[PDB]
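Q: Chains as they are written, first to last, in the UniProt record's numbering: chain A, 856 to 916, 919 to 1138; chain B, 574 to 745; chain C, 803 to 916.
By construction, the Cβ of each residue, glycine as well, lies at the ideal position given by its N, Cα and C atoms.
Pasting the structure below:
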């Protein structure tokens, strides 16, 4: 009775005074709150902004708050990360919670070893998020997407968005980064690695535009040219088998896709020609 | 004995280093701007390196303090006030600001004074130093570097000092 | 105006406020030390002043965006905060988040989808 009288009013000064002079009324008031789920203990039933926010102060009675009133940074980091993981509704919020989690852990008293483990497991979370963060501002206005009030992305989505017809000024870097995003996949033989490897190298020629000037071949492949100049990091002096390490790209299988686009007659003169000084490179 | 008309001749019969150091100690006592300009004209009509002299005056004034750059964990609550020794370091920059060309030294010395004022939270004093070399001081540093026929980027010191000044501006 | 001017400090271009971009000069250890101290001094203070401005003007959603700015890898502002200042920032952000709940918004300042 007295506990539901203290709950219909704005007197959690009374439920504090009740728990102040009692034997075990704390273990009762919490279990009385949970049984009364949606019945008693709500701050939306009380006019919580007045003396009813003085009621809200003790009905707000918990370790997340524990950090604010006791400086338990390590505990705050664990809950902030847990909230960041369950977060699916808002991308901007998932980013904020991880930032806060990381700042809580950096400001906590973890041993340098434990701190290194926390910031490394966090660096992975920052790594996946950074993909949805780098989404091009051409496609986000084309697909009419809210800037922050919306969801994130996967290497498949990023790769496909980097190479969309909509990405108009797509240069060597956009395709290079759309071939860097192939090691971030998961289940490579299931999701088709070498199909995408072709899809991209074929739109890498469609944007080039194979033309002719006064009856002579026009090498538009200036981007295809540049991307094959960008694969080699001079790994000959890095001790890597760079010699014989371009059989990533296909050839006869490529002109199959070129036939689908109707572009075989234009580009097959310099596709092979450049594929000769790519067997010498 | 204030026998100004006689000094330049007897100094020319002595090593340059002594000419620079003695003329510098003389100019330290000159507060009047019209007399300052007249003394630089007279020095030029004679022949000392005003440029190396005024640089050396500012460096000597900077070197009088053996104050170590101590990290926050061991410096007491230092008086945030401008001391008389801080005042002397502020007023020594005027030597490099007299000549348009010395603009590089004016920038280095003003940055060093602004660093002390920013550390002391004297943002208004740092703005007054920034304004001294004028709202044009950054443009003047670039103009003087271009005039020296250097197709190269600015010295890393002067570019970092311009950046530091813009940081202090945004903060103030 | 205060919001714009404090953001010009917190979001200062090319590696952040009071950081050298050109390393091709002689190291002045006294200068580099003073710049690191001023960063630890001024940047947490600017974040707290901006929180205070946004909170008192009821821009509680923009108070929470300070967490994204402080955690940003572009400016690495999280490296200049002490453990006590970071705790105080999170407490101040929690206070702004409670005021959003009193406005019938979610803890991040979005409309609670019914």
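Go ahead and label residue 951/A buried or exposed: buried means 16 or more other beta carbons lie within 10 angstroms of its beta carbon, across all protein chains shown.
A: The residue in question, residue 951/A, is buried, as its Cβ has 16 or more Cβ neighbours within 10 Å.
Q: Taking Cβ-Cβ distances below 8 angstroms as the criterion, which residues of the stretch 845-877 of chain C are in contact with chain A?
A: Hits within the stretch, in order: 866, 867, 869, 870, 872, 873, 874, 875.
Q: Which residues in chain C sit within 9 angstroms of residue 967/A, going by Cβ to Cβ distance?
A: None at all; the shortest Cβ gap to chain C is about 11 angstroms.
Q: Would you list, in sequence order, the uninterrupted beta strand (DSSP E) runs of no fewer than 3 residues that lie entirely inside the stretch 1066-1135 of chain A?
A: Complete beta strand (DSSP E) runs here, min 3: 1068-1070, 1073-1075.
Q: What did DSSP end up calling residue 907/C once you bin it into helix, strand or coil?
A: Of the three classes helix, strand and coil, the one that applies to residue 907/C here is strand, per DSSP.
Q: State the start and end residues of the unbroken alpha helix (DSSP H) segment that holds residue 668/B.
A: Element bounds for residue 668/B: 667-670.
Q: By a C-beta neighbour count over all protein chains shown, 10 Å radius and 16 as the cutoff for buried, is residue 1134/A buried or exposed?
A: Residue 1134/A is exposed by the Cβ-count criterion.
Q: Any Cβ of chain C within less than 8 angstroms of the Cβ of residue 1006/A?
A: Judged by the 8 angstroms Cβ criterion, residue 1006/A is in contact with chain C.
Q: Alpha carbon to alpha carbon, how far is residue 845/C from residue 812/C? Give it in angstroms, no decimals.
A: Looking at the two C-alpha atoms, the distance is approximately 7 angstroms.
Q: Contact check, residue 886/A vs residue 858/A under 8 angstroms by CB: the rounded distance?
A: Not quite, the Cβ-Cβ distance comes to about 11 angstroms (not below 8 angstroms), so this is no contact.
Q: Residues in its own chain within less than 6 angstroms of residue 1020/A by CB, not counting five upstream and five downstream?
A: These residues qualify, in order along the chain: 1035, 1057, 1060.
Q: Please report whether the beta-carbon of residue 642/B lies at a distance below 8 angstroms from any beta-carbon of chain C.
A: Taking Cβ atoms only, chain C reaches closer than 8 angstroms to residue 642/B, which makes this a yes.
Q: Could you give the residue range of the alpha helix (DSSP H) that holds residue 860/A?
A: Here the alpha helix (DSSP H) through residue 860/A covers 857-863.
Q: Give the single residue among 869/A, 1038/A, 1129/A whose Cα lies nearest to the Cα of residue 1082/A.
A: The candidate whose alpha carbon is nearest that of residue 1082/A is 1129/A.
Q: Taking only the alpha-carbon atoms, compute the straight-line gap between residue 960/A and residue 831/C and give it to the nearest angstrom.
A: Rounded to the nearest angstrom, the two C-alpha atoms are 28 angstroms apart.
Q: In angstroms, rounded to a whole number, what distance separates the CA positions of residue 822/C and residue 685/B?
A: So the alpha carbons of these two residues sit roughly 15 angstroms apart.
Q: How big is the Cα-Cα spacing for residue 926/A and residue 894/C?
A: Straight-line Cα distance between these residues: approximately 12 angstroms.
Q: Bridge partners for residue 913/C per DSSP, in chain order?
A: 907/C, per the DSSP bridge assignment.
Q: Give me the Cα-Cα distance between residue 1046/A and residue 871/C, rounded to the nearest whole angstrom.
A: If I take the Cα positions, the gap works out to 40 angstroms.
Q: Check whether chain A comes within 8 angstroms of residue 901/C, counting only Cβ atoms and requiring the distance to be less than that.
A: Cβ-Cβ to chain A under 8 angstroms: no for residue 901/C.
Q: Would you kindly report the start and end of the unbroken alpha helix (DSSP H) that includes residue 708/B?
A: Per DSSP, residue 708/B belongs to no alpha helix (DSSP H) and is neither H nor E.
Q: Is residue 1042/A helix, strand or coil by DSSP?
A: Residue 1042/A falls in the coil class under three-state DSSP.
Q: Using the beta-carbon count (16 or more within 10 Å), is residue 849/C buried or exposed?
A: Buried.
Q: With residue 942/A as the anchor, note down where its alpha helix (DSSP H) starts and where it stops.
A: Per DSSP, residue 942/A belongs to the alpha helix (DSSP H) from 930-943.
Q: Would you mind reading off the limits of the alpha helix (DSSP H) that contains residue 810/C?
A: Residues 804-812.
Q: What residues in the stretch 728-743 of chain B have a beta carbon less than 7 angstroms from any beta carbon of chain F?
A: No chain F appears in the structure shown, which is made up of the protein chains A, B and C.
Q: Could you tell me which chain C residues have their CB closer than 8 angstroms to the CB of residue 645/B, listed as they occur along the chain?
A: Simply 839, 842.
Q: Closer than 8 angstroms is the cut-off here; do at least three beta carbon pairs connect the stretch 643-660 of chain B with the stretch 607-617 of chain B?
A: The stretch 643-660 of chain B, when compared against the stretch 607-617 of chain B, does not touch it at the 8 angstroms Cβ threshold.
Q: Can you tell me where the alpha helix (DSSP H) with residue 625/B in it begins and where it stops?
A: Counting along the chain, the alpha helix (DSSP H) containing residue 625/B begins and ends at 623-636.
Q: Grouping DSSP H, G and I as helix and E and B as strand, with all else coil, what is residue 864/C?
A: Helix at residue 864/C.
Q: Inspect the beta-carbon positions of residue 972/A and residue 962/A and report whether they are closer than 8 angstroms.
A: The answer is yes: Cβ separation under 8 angstroms.
Q: Go through its chain and collect everything with a Cβ distance to residue 630/B's Cβ below 6 angstroms, but skip five positions before and after it.
A: Once the five neighbours on either side are set aside, the close Cβ partners of residue 630/B are 597, 668.
Q: What does residue 882/C reach in chain B if we use C-beta pairs closer than 7 angstroms?
A: The premise fails here: residue 882/C is roughly 12 angstroms from chain B at the closest Cβ pair, so nothing lies under 7 angstroms.
Q: For a contact meaning CB atoms closer than 7 angstroms, what does residue 890/C contact in chain B?
A: By Cβ distance, chain B contributes nothing, its closest Cβ being about 18 angstroms from residue 890/C, past 7 angstroms.
Q: Residues in its own chain within less than 6 angstroms of residue 581/B by CB, not counting five upstream and five downstream?
A: For residue 581/B, where only same-chain residues beyond five positions count, the Cβ hits under 6 angstroms are 619.
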